[PDB]
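*Asks:* Mind looking over this structure? Questions follow.
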Amino acid sequence: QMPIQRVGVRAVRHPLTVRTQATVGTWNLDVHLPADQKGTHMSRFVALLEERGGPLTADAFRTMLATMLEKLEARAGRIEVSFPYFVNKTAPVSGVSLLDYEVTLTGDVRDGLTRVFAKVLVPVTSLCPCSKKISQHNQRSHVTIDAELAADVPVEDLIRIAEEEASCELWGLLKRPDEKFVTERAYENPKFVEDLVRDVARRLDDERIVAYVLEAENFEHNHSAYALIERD
Amino acid sequence: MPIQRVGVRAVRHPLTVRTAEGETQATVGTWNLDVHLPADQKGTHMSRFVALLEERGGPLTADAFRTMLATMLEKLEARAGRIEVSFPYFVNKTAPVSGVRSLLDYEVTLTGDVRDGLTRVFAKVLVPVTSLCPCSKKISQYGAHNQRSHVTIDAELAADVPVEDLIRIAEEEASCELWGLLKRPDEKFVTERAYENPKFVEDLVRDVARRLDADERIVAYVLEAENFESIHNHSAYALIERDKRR
Amino acid sequence: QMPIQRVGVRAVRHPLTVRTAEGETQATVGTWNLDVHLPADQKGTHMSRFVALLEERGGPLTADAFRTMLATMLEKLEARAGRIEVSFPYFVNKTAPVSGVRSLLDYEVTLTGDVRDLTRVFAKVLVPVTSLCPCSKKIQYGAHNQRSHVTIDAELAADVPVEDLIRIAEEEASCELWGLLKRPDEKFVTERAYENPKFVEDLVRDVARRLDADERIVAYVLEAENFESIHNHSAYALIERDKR
Amino acid sequence: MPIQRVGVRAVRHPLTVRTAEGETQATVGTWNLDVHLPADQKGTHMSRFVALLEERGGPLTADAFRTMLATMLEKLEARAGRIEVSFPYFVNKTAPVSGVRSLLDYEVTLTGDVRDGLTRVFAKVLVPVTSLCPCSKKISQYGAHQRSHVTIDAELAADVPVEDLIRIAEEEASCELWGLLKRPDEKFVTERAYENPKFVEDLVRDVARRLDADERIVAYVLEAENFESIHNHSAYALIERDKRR
Ligand SMILES: *C[C@@H]1C(=O)O[C@@H]2[C@@H]1CCC(=C)[C@@H]1CCC(=C)[C@H]21
Ligand SMILES: *C[C@@H]1C(=O)O[C@@H]2[C@H]1CCC(=C)[C@@H]1CCC(=C)[C@@H]21
Ligand SMILES: *C[C@H]1C(=O)O[C@H]2[C@@H]1CCC(=C)[C@@H]1CCC(=C)[C@H]21
Ligand SMILES: O=S([O-])[O-]
Ligand SMILES: [Mn+2]
């Protein structure tokens with residue numbers, strides 16, 4: 021006798037192309058059920074994915090959210106997708123490699139507002155500031174940028190914002206000469222997890239992003257160091 | 022640029038937990054201790070977090086969790102922060118026909134936050150239950166489709182609530198409860214009662230939410246239910262949220 | 021001064037394109053584990069080679085192409101022994117039983133290739150299926167059923183499309199799995215499960231039977247897990263036959 | 022057809038473990054109990070498997086592990102079977118210089134197998150350690166490039183405490199791990215790990231020497247993953263050795 025804000029499918033694995046790049050994405054498609062209805066065409070959620078096509082595009086994602094709301098005869102819902110994203114970048118001096127970043131594109135239709143969010147987990151390098159000054166500790170960190178979008182924003186732009194405010198970016202292949210630069214860059218710029226977040230937010234604190243949730247996790253100890261800063 | 026959450030993550034440490042009855046259960050809790058850093062400050066004492074779990078000695082009780090939050094806040098010289106411990110819980114149960122005593126696993130998460138001098142204490146429990154699809158017993162001459170289900174109950178608490186009391190609500194409001202040890206009688210009463218009580222992922226959350234609304238000890242809750250479909254590799258999901266003050 | 025059996029990279033995730041049994045192409049993302057062997061004398065390996073080899077490659081991975089990659093590494097890494105492993109999600113167009121509506125199903129496919137003094142090639146298939154206990158029906163109107171995982175690791179003597187192992191498993195379970203199933207189709211899947219109930223042992227035995235008959239599988243290890251719906255524990259059954 | 026392993030999987034049931042000193046430790050383990058099914062009999066009694074865990078008393082010692090193993094063989098009426106449990110283990114360590122203490126998390130998988138009258142018993146430990154680069158340090162003017171996991175699955179010839187298996191990995195690495203660390207303790211770990219850089223290739227060989235010596239261990243499978251901090255992949259190394267050969 022009460023409304024179920026999210027009713028739907030979860031963990032739907034089905035291929036997906038983005039732009045071009047073919048990946049595989051896991052879907053979480055859901056709709057809101059009113060207080061008087063009792064069921065939903067969960068089969069339609071599958072039929073959508075299995076029939077939809079085209080490179081996913083800001084516009085194709087917005088249309089896919091709309092088609093769902095009709096196919097399911099609904100007024101609110103969300104389309105969530107988690108897929109691997111790669112980027113062919115160049116070495117700092119070598120000229121050479124592809125890196126894996128996990129992206130999450132989410133779009134909800136509530137109160138006549140189709141809000142498009144996007145998140146990317148980026149591998150980045152960090153170096154302790156206390157050590158070095160304390161002594162005569167360069168682990169890897171995971172930066173998560175969940176950005177509420179006011180206008181279209183590429184994921185590689187967000188990836189660039191994170192790798193550009195860190196002791197060092199990550200490269201799959203790094204010739205031995207490059208290793209020096211990457212290793213010596215941290216020695217110069219000791220980055221405290223407490224600071225990397227502050228610095229990263231400043232780049233988003236950007237108008238294509240009205241709101242965001244940015245988290246930095248360092249893999250020190254067998255524990256971890258985590259900082260999150262939300263906004264509006 | 023203030024930092025809303027700054028602390029440690031993924032600290033594992035043994036833990037003692039006290040039940041509704043005079044039973045204390047020893048578990049392993051992975052802790053995530055965090056605080057708030059304003060713009061005036063520019064760094065926190067990470068080591069202090071790790072010290073409070075080692076320093077403390079006792080059975081995590083509803084009052085011991087409160088003191089911990091404050092303790093942490095003072096030991097770091099802050100006025101806001103959060104504490105989350107994820108531990109595995111267990112309850113001895115009597116099988117439906119046998120009465121055989123078997124232990125069932127439960128995933129409990131104790132969280133507590135302080136913001137603006139207000140301490141919201143929340144409790145999430147992952148409850149394993151059985152689901153039987155309603156349009157399978159009426160669409161088919163013989164049989165029905167059954168899967169395992171995950172019922173998650175995150176609840177802001179206005180009062181102490183036993184985690185077993187949250188398990189008792191959901192297990193009662195489902196097609197059939199889970200038991201580790203069952204024999205031929207046990208597995209007969211189980212199968213038949215579930216066919217007799219078929220429910221949707223849509224129905225499950227509603228039945229539970231109503232029992233939740235009869236508990237004034239829970240001011241707010243976020244209910245969730247996943248059905249690991251037997252006929253599909255995908256799962257089904259339903260979610261309900263409620264701030265009773267609105 | 022000790023032979024390090026296999027040293028190399030692990031968890032290298034890289035995009036891959038694989039030709040199917042139909043000749044068609046399947047683009048998936050696979051995580052790679054490329055390693056080499058260090059004799060008692062050699063003390064170090066140029067780890068960077070593995071990474072390069074992956075990105076500087078080209079061509080849809082094939083039975084012949086995969087064997088070639090193992091050979092190329094052995095030269096790029098100055099080695100006589102190495103192992104290359106790729107684990108990737110794979111999909112097939114499964115058509116519904118009664119409505120004929122087609123839909124894709126997920127299958128984790130792991131491909132292992134080893135070249136140690139004889140190049141042994143393997144294939145792993147994870148078949149999700151429905152299980153039904155044969156002792157819930159006889160104990162009236164009612165059965166306990168759930169999802170199951172059939173794992174088939176097979177050493178290849180000739181080319182064997184994974185699709186040839188899925189069918190067997192899907193056919194040897196009480197019911198196969200479908201993503202898009204309409205009301206007419208959700209009744210044949212709920213009935214045949216009652217009709218063809220099967221224990222975890224009754225299942226594994228039925229599957230391994232055609233594996234030793236496939237004759238292109240030199241060896242195999244078959245697993246099956248029932249994610250029981252009446253317990254929080256999973257039923258298991260593993261059978262290992264070499265026949266060599 | 023005969024099936025080698027048939028049984029339960031992923032049963033969570035609290036357990037108590039014996040520490041070297043003799044003290045006890047409470048943990049929660051995931052038990053995987055399985056048997057060998059002959060072509061003669063179609064049905065195992067799976068239930069019993071859960072009954073054997075609930076009907077248990079006291080700490081998992083070396084004799085209690087073999088007792089359980091056997092007791093389950095008689096309750097299930099079989100001639101072969103395996104029992105595996107994986108539990109978190111903790112050790113009250115001492116910070117290098119300040120003496121502040123901290124518990125460290127270790128993953129211990131205890132395997133036991135009766136087959137053909139011979140009861141084999143194995144022990145696996147994952148030890149969280151630090152590694153540094155015997156290539157980045159010198160080649161670079163300043164700075165060093168991560169945490170690693172060392173896994174030692176050892177076939178035991180006699181009763182061996184897991185802490186002794188933990189000691190070999192923590193000592194033959196660059197540095198060990200600590201939960202709580204002071205300022206004087208964080209300066210010794212940064213230099214002494216840098217002063218003693220060891221490769222993944224160098225890490226595994228150094229441990230095996232000690233393993234090859236301990237006559238308590240007849241066979242072992244040694245693994246090492248360095249979880250690279252400059253890269254999105256990890257380094258792997260494996261050693262295999264049944265001295266009886
Ligand atoms: C240690 C040496 C280095 O400078 O960084 C490393 C390399 C060996 C091992 C490893 C962690 C990486 C693989 C390629 C490489 C350049 C990285
Ligand atoms: C009973 C009905 C059915 O047969 O199909 C199932 C089930 C409803 C819930 C759910 C587990 C399934 C998702 C899609 C599907 C068709 C549903
Ligand atoms: C036939 C099953 C039943 O009714 O309950 C049992 C039988 C075996 C299959 C099933 C998945 C489980 C595991 C163990 C158990 C007692 C349960
Ligand atoms: O490095 S700090 O967490 O002691
Ligand atoms: Mn530090």
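Just so you know, the sequences run in chain order F, U, G and E.
Read in order, the letters of the first sequence correspond to residues 21 to 39, 45 to 121, 123 to 162, 166 to 234, 236 to 250, 253 to 264 in the UniProt record's numbering.
Numbers given in the UniProt record's numbering equal positions in the second sequence, counted from 1, plus 21.
Read in order, the letters of the third sequence correspond to residues 21 to 137, 139 to 160, 162 to 266 in the UniProt record's numbering.
Read in order, the letters of the fourth sequence correspond to residues 22 to 166, 168 to 267 in the UniProt record's numbering.
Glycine included, C-beta positions come from ideal geometry on N, C-alpha and C.
(1) Give the DSSP-derived three-state secondary structure of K204(U) in the structure shown.
(2) Does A116(U) come within less than 7 Å of chain E when only Cβ atoms are used?
(3) Leaving aside the five residues before and after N218(U) along the sequence, list all residues of the same chain whose C-beta is less than 6 Å from its C-beta, in chain order.
(4) Could you tell me whether any non-hydrogen atom of ligand 2 is closer than 6 Å to the CB of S68(F)?
(5) Taking C-beta pairs closer than 7 Å, name the residues in chain U that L260(F) reaches, listed in chain order.
(6) Which same chain residues, not among the five before or five after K220(U), have their C-beta less than 6 Å away from its C-beta?
(7) Count the other CB atoms within 10 Å of the CB of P155(U); is the residue buried (16 or more) or exposed (fewer)?
(8) Taking all protein chains shown into account, decide if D181(F) is buried (16 or more other Cβ within 10 angstroms of its Cβ) or exposed.
(9) Thinking just about the alpha-carbon of each residue, which of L233(E), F249(E) and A47(E) is nearest to the one in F108(E)?
(10) Residues of chain U with CB closer than 7 Å to the CB of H34(E), please, in chain order.
(11) Please classify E177(G): does DSSP put it in a helix, a strand, or coil?
(12) Please give the ranges of any beta strand (DSSP E) in the stretch 53-131 of chain U, keeping only runs that are unbroken, at least 3 residues long and fully inside the region.
(13) Quick one: Cα of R141(E) to Cα of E128(E), how far?
(14) Against chain A, with Cβ distances strictly below 7 Å, would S68(F) count as a contact?
(15) Could you tell me if the beta carbon of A246(G) falls within a distance shorter than 6 Å of some heavy atom in ligand 3?
(16) Residues in the same chain with beta-carbon distance under 6 Å from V222(G), minus the five sequence neighbours each way, listed in chain order, please.
(17) Would you report the Cα separation of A116(F) and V56(F), rounded to the nearest angstrom?
(18) Determine the direct distance from the alpha carbon of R77(U) to that of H34(U), and round the result to whole angstroms.
(19) For ligand 5, enumerate in chain order all residues having a CB closer than 6 Å to any of its heavy atoms.
(20) What residue from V211(E), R69(E) and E198(E) has the CA that sits closest to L94(E)'s CA?
(21) How would you call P80(U), buried or exposed, if buried means at least 16 neighbouring beta carbons within 10 angstroms?
(22) What residues from the stretch 32-65 of chain G come within 8 Å of chain E, judged by C-beta to C-beta, listed N to C?
(23) Based on the DSSP secondary-structure assignment, which residues constitute the bridge partners of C197(U)?
(24) Give the single residue among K265(G), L125(G) and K159(G) whose Cα lies nearest to the Cα of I188(G).
(25) Straight-line CA distance for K204(F) to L74(G)?
(26) Report the residue from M67(F), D84(F), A91(F) and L225(F) whose alpha carbon sits nearest the alpha carbon of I190(F).
(27) What is the C-beta distance between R30(G) and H166(E), in whole angstroms, given that I count them as a contact (C-beta under 8 Å)?
(28) What residue from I174(E), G50(E) and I24(E) has the CA that sits closest to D61(E)'s CA?
(29) Chain G partners of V29(E), CB-CB under 9 Å?
(30) First and last residue of the alpha helix (DSSP H) that includes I160(E)?
(31) Please confirm if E128(G) has its CB atom under 7 Å from at least one CB of chain E.
(32) By the three-class DSSP mapping on this structure, what secondary structure does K209(E) have?
(33) Cβ closer than 9 Å: which chain U residues qualify as neighbours of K204(E)?
(34) Please name the residues in the stretch 215-245 of chain E whose beta-carbon is closer than 8 Å to at least one beta-carbon of chain G, in chain order.
(35) Quick check: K114(U) and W200(U), are their CB atoms within less than 7 Å of each other?
(36) Using a Cβ cut-off of 7 Å (strictly closer), state whether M89(E) contacts chain G.
*Replies:* Taking the coordinates as given:
(1) For the purposes of this step, residue 204(U) is identified with residue 183 of the second sequence, where counting begins at 1. In this structure, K204(U) counts as coil in the three-state DSSP scheme.
(2) Position 95 of the second sequence, counted from the first residue, corresponds to residue 116(U). At a cut-off of 7 Å between beta carbons, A116(U) makes no contact with chain E.
(3) By one-based count along the second sequence, residue 218(U) stands at place 197. So the list reads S196, once near-sequence residues are dropped.
(4) Translated into positions along the first sequence, residue 68(F) becomes position 43. Yes, ligand 2 has a heavy atom inside 6 Å of this Cβ.
(5) Here residue 260(F) corresponds to residue number 228 of the first sequence, with the count starting at 1. Chain U residues near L260(F): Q25 and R26.
(6) As a working note, residue 220(U) is residue 199 in the second sequence. Around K220(U): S196.
(7) Along the second sequence, read from residue 1 onward, the residue named residue 155(U) stands at position 134. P155(U) should be labelled buried.
(8) Residue numbering aside, residue 181(F) sits at position 152 when the first sequence is read from its first letter. Exposed is the call here.
(9) Against the fourth sequence, residue 108(E) aligns to sequence position 87. Nearest of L233(E), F249(E) and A47(E) to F108(E), Cα basis: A47(E).
(10) Position 13 of the fourth sequence holds residue 34(E). Ordered by position in chain U, the residues that pass the 7 Å Cβ test against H34(E) are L124.
(11) The residue given as residue 177(G) occupies position 155 in the third sequence. Here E177(G) sits in strand by DSSP.
(12) 102-115
(13) Stepping through the fourth sequence from its first residue, residue 141(E) is reached at position 120. Stepping through the fourth sequence from its first residue, residue 128(E) is reached at position 107. Computed Cα separation, rounded: 20 Å.
(14) Among the protein chains of the structure shown, namely F, U, G and E, there is no chain A.
(15) Within the third sequence, numbered from 1, the residue matching residue 246(G) stands at position 224. Checking the Cβ of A246(G) against ligand 3 gives no.
(16) Along the third sequence, one-based indexing puts residue 222(G) at 200. The beta carbon of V222(G) sits closer than 6 Å to those of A246, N248, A257 and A259, all from its chain and outside the five residues before and after it, given in chain order.
(17) Here residue 116(F) refers to the residue found at position 91 when the first sequence is read from its first residue. Here residue 56(F) refers to the residue found at position 31 when the first sequence is read from its first residue. Distance between the alpha carbons of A116(F) and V56(F) is about 45 Å.
(18) Residue numbering aside, residue 34(U) sits at position 13 when the second sequence is read from its first letter. Residue numbering aside, residue 77(U) sits at position 56 when the second sequence is read from its first letter. Going by the C-alpha atoms only, they are around 11 Å apart.
(19) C154(F), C156(F), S157(F), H166(F) and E208(E)
(20) Walking along the fourth sequence from the start, residue 94(E) turns up at place 73. Minimum Cα distance to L94(E) is reached at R69(E).
(21) As a position in the second sequence, residue 80(U) is number 59, starting the count at 1. Its Cβ having fewer than 16 others within 10 Å, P80(U) is exposed.
(22) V32, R33, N53, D55, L58, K63, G64 and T65
(23) Here residue 197(U) refers to the residue found at position 176 of the second sequence. According to the DSSP secondary-structure assignment, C197(U) is paired through a beta bridge with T151(U).
(24) The residue you call residue 188(G) lines up with position 166 of the third sequence. Ranking the options by Cα distance to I188(G), first place goes to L125(G).
(25) As a first step, residue 204(F) must be located in the first sequence, where it is residue number 175. As a first step, residue 74(G) must be located in the third sequence, where it is residue number 54. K204(F) and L74(G): Cα-Cα distance of roughly 15 Å.
(26) Numbered from its first residue, the first sequence carries residue 190(F) at position 161. Checked all of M67(F), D84(F), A91(F) and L225(F); the closest Cα to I190(F) is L225(F).
(27) Position 10 of the third sequence, counted from the start, is the residue given in the question as residue 30(G). Position 145 of the fourth sequence, counted from the start, is the residue given in the question as residue 166(E). Going by Cβ atoms, the distance from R30(G) to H166(E) rounds to 17 Å, so no, they are not a contact pair.
(28) On the fourth sequence, position 40 is the one that residue 61(E) refers to. Of the listed residues, the one whose Cα sits closest to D61(E) is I24(E).
(29) Here residue 29(E) refers to the residue found at position 8 of the fourth sequence. By Cβ distance, chain G contributes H253, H255, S256, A257 and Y258.
(30) Along the fourth sequence, one-based indexing puts residue 160(E) at 139. Going by DSSP, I160(E) is part of the alpha helix (DSSP H) stretching over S157 to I160.
(31) Locating residue 128(G) in the third sequence gives position 108, where the first residue counts as 1. Taking Cβ atoms only, chain E never reaches closer than 7 Å to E128(G), which makes this a no.
(32) Looking up residue 209(E) in the fourth sequence gives position 187. Looking at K209(E) - three-state DSSP - the assignment turns out to be helix.
(33) Against the fourth sequence, residue 204(E) aligns to sequence position 182. Here the neighbours are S68.
(34) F221, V222, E223, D224, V226, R227, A230 and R231
(35) On the second sequence, position 93 is the one that residue 114(U) refers to. On the second sequence, position 179 is the one that residue 200(U) refers to. Cβ distance < 7 Å, so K114(U) and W200(U) count as in contact.
(36) Against the fourth sequence, residue 89(E) aligns to sequence position 68. Not an interface residue.
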